[PDB]
């Protein structure tokens, strides 16, 4: 189980190289300039840029609920919001329910409801998300994942977090640090399909991975074979 020491996000014309640090037990204590603290039954992740912080409540080996402070783009403007989330498990299936309120006057801003459905092998097969806006207007997405190419990796982090469907940087860390204590932290989807608002729009992408002796050293998501949508470069070297 090899350790990721450097992650490099390629967002536009400029790079973003983040150094990852670990304690004597292998626990992540830094993701770039974002610290990760462990106090009793809690995990607190510091500032990100987007996310101001998130505190996860750990119960019986899994995150049960979380609270985050973040910036939320609602209409045209962005609000300093408070996010309240609960994590529920029924078999392998994961229910994520989040409520966004303004820090200032507690005004309700957004509701996000996500369903993560896994197959027999523990692979994430489908993600269903429902977004309720302040005006009660509803949008949804159904995401489907294909594993026919049988791409498998071995790493300390749950690298699926760099390609799967989640709401917010707190959900990114929730999956990346395996706070849901997922049965399969080995498979990578080769293709992803999106069906928005029951067919009003659809989108299909391909995930491309270059592996350096079983470790993914590059994660790419492409549209129509050539339009690069995201590129994450990873290092496993101690430095």
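Residue numbers count along the first chain shown, from 1.
**Student:** Could you tell me how many residues of the deposited sequence sit unmodelled between residue 201 and residue 202 (none, 1 to 3, 4 to 9, 10 or more)?
**Tutor:** The entry has no gap there; residue 201 and residue 202 are joined directly.
**Student:** Looking only at CA atoms, which has the higher mean B factor in the entry: 115-123 or 77-85?
**Tutor:** Here the higher of the two C-alpha B-factor means belongs to 77-85.
**Student:** Give the stretch, out of 67-75 and 138-146, with the larger mean C-alpha temperature factor in the deposited entry.
**Tutor:** For C-alpha atoms only, the mean B-factor is higher in 67-75.
**Student:** Identify, among 166, 131, 162, 108, the residue whose C-alpha carries the highest B-factor in the deposited PDB entry.
**Tutor:** If I rank 166, 131, 162, 108 by C-alpha B-factor, first place goes to 108.
**Student:** Could you tell me which one of 31, 38, 172, 194 shows the highest CA temperature factor in the PDB record?
**Tutor:** Among 31, 38, 172, 194, the PDB entry lists the largest C-alpha B-factor for 38.
**Student:** For residue 228, return the chain-relative third of its C-alpha B-factor as stated in the PDB record: lowest, middle or highest.
**Tutor:** Middle third by C-alpha B-factor.
**Student:** If you rank the chain by CA B-factor, which third does residue 59 end up in: lowest, middle or highest?
**Tutor:** Its C-alpha B-factor belongs to the middle third of this chain's values.
**Student:** Sorting by Cα B-factor within the chain, modelled residues only, which third would residue 210 end up in: lowest, middle or highest?
**Tutor:** According to the entry, residue 210 has a C-alpha B-factor in the chain's lowest third.
**Student:** Tell me, lowest, middle or highest third: where does the Cα B factor of residue 181 rank within its chain?
**Tutor:** As the PDB entry reports it, the C-alpha B-factor of residue 181 lands in the middle third of its chain.
**Student:** Determine, from the deposited record, the chain-internal third of the Cα B-factor for residue 48: lowest, middle or highest.
**Tutor:** It belongs to the highest third of the chain when residues are ordered by C-alpha B-factor.
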